[PDB]
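Don't worry about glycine lacking a Cβ; one is built from the backbone with ideal geometry, like all the others, and counts go over all protein chains shown. What follows is calculated from the coordinates using simple rules that are stated; it is not laboratory data.
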Amino acid sequence: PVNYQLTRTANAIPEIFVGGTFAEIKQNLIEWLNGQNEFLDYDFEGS
Amino acid sequence: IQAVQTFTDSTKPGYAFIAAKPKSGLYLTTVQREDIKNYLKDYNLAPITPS
Amino acid sequence: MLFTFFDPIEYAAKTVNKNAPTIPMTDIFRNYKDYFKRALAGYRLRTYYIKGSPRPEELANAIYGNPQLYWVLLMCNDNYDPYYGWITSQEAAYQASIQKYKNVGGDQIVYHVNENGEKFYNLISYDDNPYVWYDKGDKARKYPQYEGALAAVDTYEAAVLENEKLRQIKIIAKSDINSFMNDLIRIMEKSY
Amino acid sequence: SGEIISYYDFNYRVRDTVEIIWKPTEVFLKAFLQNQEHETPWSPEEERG
């Protein structure tokens with residue numbers, strides 16, 4: 001349009017729901033699991 | 001080359017024309033038409049040589 | 001398997017990202033809670049178990065039932081939240097208290113509880129002053145409430161007071177449950 | 001000069017004489033920018049109230 005304030009949107013499912021492609025979930029969990037919290041002390045193994 | 005067919009024509013024995021089309025352009029360029037005619041001379045057979 | 005019992009259907013999800021792939025999914029959309037409700041007719045007078053233990057979410061494998069059913073306890077209380085619906089370990093509520101108010105206000109006083117149980121909500125005393133309580137605004141005073149006296153429940157106590165009142169549930173008595181569940185299926189096979 | 005900007009490939013052995021005609025009609029490669037936003041690594045999602 002002309003004035004940018006008119007963009008808005010149609011009916012839009014927000015990014016909050018949507019839902020996973022898998023591997024992107026793997027990405028976000030690893031960053032939440034490994035980082036910001038633990039810096040692993042985990043007793044399982046390297047793998 | 002794409003889309004080749006070869007057809008033998010009676011009353012003109014000894015040729016067996018083949019029809020070839022380039023995957024790029026329309027007509028076959030020289031030093032291509034020549035190069036397609038080779039590698040069939042190693043095989044060929046007989047009389048009846050390509051066109 | 002007293003959930004499920006039907007089929008995966010297929011969940012299209014076509015209203016979002018057209019030509020989305022169909023994913024077979026356990027069928028949670030039947031309005032089960034109604035079947036339970038109508039089937040229960042005639043088995044009522046399910047007594048009041050009173051709980052009495054911060055039984056983890058599943059006592060089904062102890063008290064009535066016990067094929068680790070983990071529900072028919074739910075449908076009892078019409079529980080909206082399977083986590084905070086049941087009562088919790090005494091500390092859990094305390095733990096739950098912080099995360100509730102952690103953002104704003106810190107620990108607080110939610111209401112002052114007159115004897116006979118008349119709640120007040122943002123009513124504030126002045127010590128070293130008249131003994132009469134005032135609202136948290138109109139600091140000019142002039143508008144007193146509740147000339148009497150009472151005692152505040154702060155925050156922790158409230159959450160305890162609020163979740164601890166959540167222990168009573170229906171049962172079906174460990175007698176009917178077999179005969180009951182034997183009906184609860186029949187209504188289900190009925191409609192199809 | 002020692003630049004080697006771009007390599008090209010003929011179909012098959014152009015032999016005698018060659019001509020290259022740019023398909024977009026007389027324009028070489030053309031580019032477009034991209035905006036790659038900051039990945040926001042967080043899901044605390046704290047809320048007021």
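Of note:
- Degrees, to the nearest 10: A:23-33 long Cα axis against longest axis of chain A: 60 degrees
- Each peptide in C:175-187, A:9-21, A:28-40 receives the mean, over its residues, of other Cβ atoms within 10 Å, and ordering these scores from highest gives C:175-187, A:28-40, A:9-21.
- Take every Cα pair under 8 Å whose residues are at least 6 apart in sequence, average their separation, divide by the length of chain B, and the relative contact order is 37 percent.
- A Förster radius of 30 Å, combined with the Cβ-Cβ distance separating D:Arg48 from C:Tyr83, puts the computed FRET efficiency at roughly 0.80.
- Label separation (D:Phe28 vs B:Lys12): 4.8 nm, computed from points 7 Å beyond Cα along the C-beta direction.
- Computed E for C:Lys51/C:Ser179 - FRET, C-beta separation, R0 22 angstrom, nearest 0.05: 0.35
- Compared with the alpha-carbon gap, the fully stretched path from D:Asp16 to D:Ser1 is longer by 2.7 nm at 0.36 nm per residue.
- Put in line by how crowded their Cβ is, counting other Cβ atoms within 10 Å and starting with the fewest, A:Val2, C:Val110, D:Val18 read A:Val2, D:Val18, C:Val110.
- For chain C, the mean residue ellipticity at 222 nm estimated from helices alone is -7000 deg cm²/dmol, where every DSSP H run of n ≥ 4 contributes -39500 (n - 2.57) and the total is divided by all residues, rounded to the nearest 500.
- GNM flexibility winner over chain C from C:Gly85, C:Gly52, C:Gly117 (Cα, springs under 10 Å): C:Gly117
- Charged-residue dipole, Cβ positions (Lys, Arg, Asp, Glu), chain D about Cα centre, Debye nearest 20: 440 debye
- All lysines inside 27 Å of C:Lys136 as judged from Cα atoms, apart from same-chain residues fewer than 8 positions distant: C:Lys100, C:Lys102, C:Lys119
- Mean separation of Cα contacts under 8 Å (6+ apart) over length of chain C, as relative contact order %: 26 percent
- Look at the stretch B:29-37: the mean tally of other chain Cβ atoms within 10 Å of its residues' Cβ atoms is 3.
- 14 Å beta-carbon shell around A:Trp32, net charge (K/R +1, D/E -1): -4
- Taking Cβ atoms as reference points and 15 Å as the exclusive limit, the residues near C:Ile28 contribute a net charge of -2, counting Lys and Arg as +1 and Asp and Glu as -1.
- Averaged over the residues of A:11-24, the number of partner chain Cβ atoms lying within 10 Å of the residue Cβ comes to 1.
- Across peptide D:28-36, the average count of Cβ atoms from other chains found within 10 Å of a residue's Cβ is 0.
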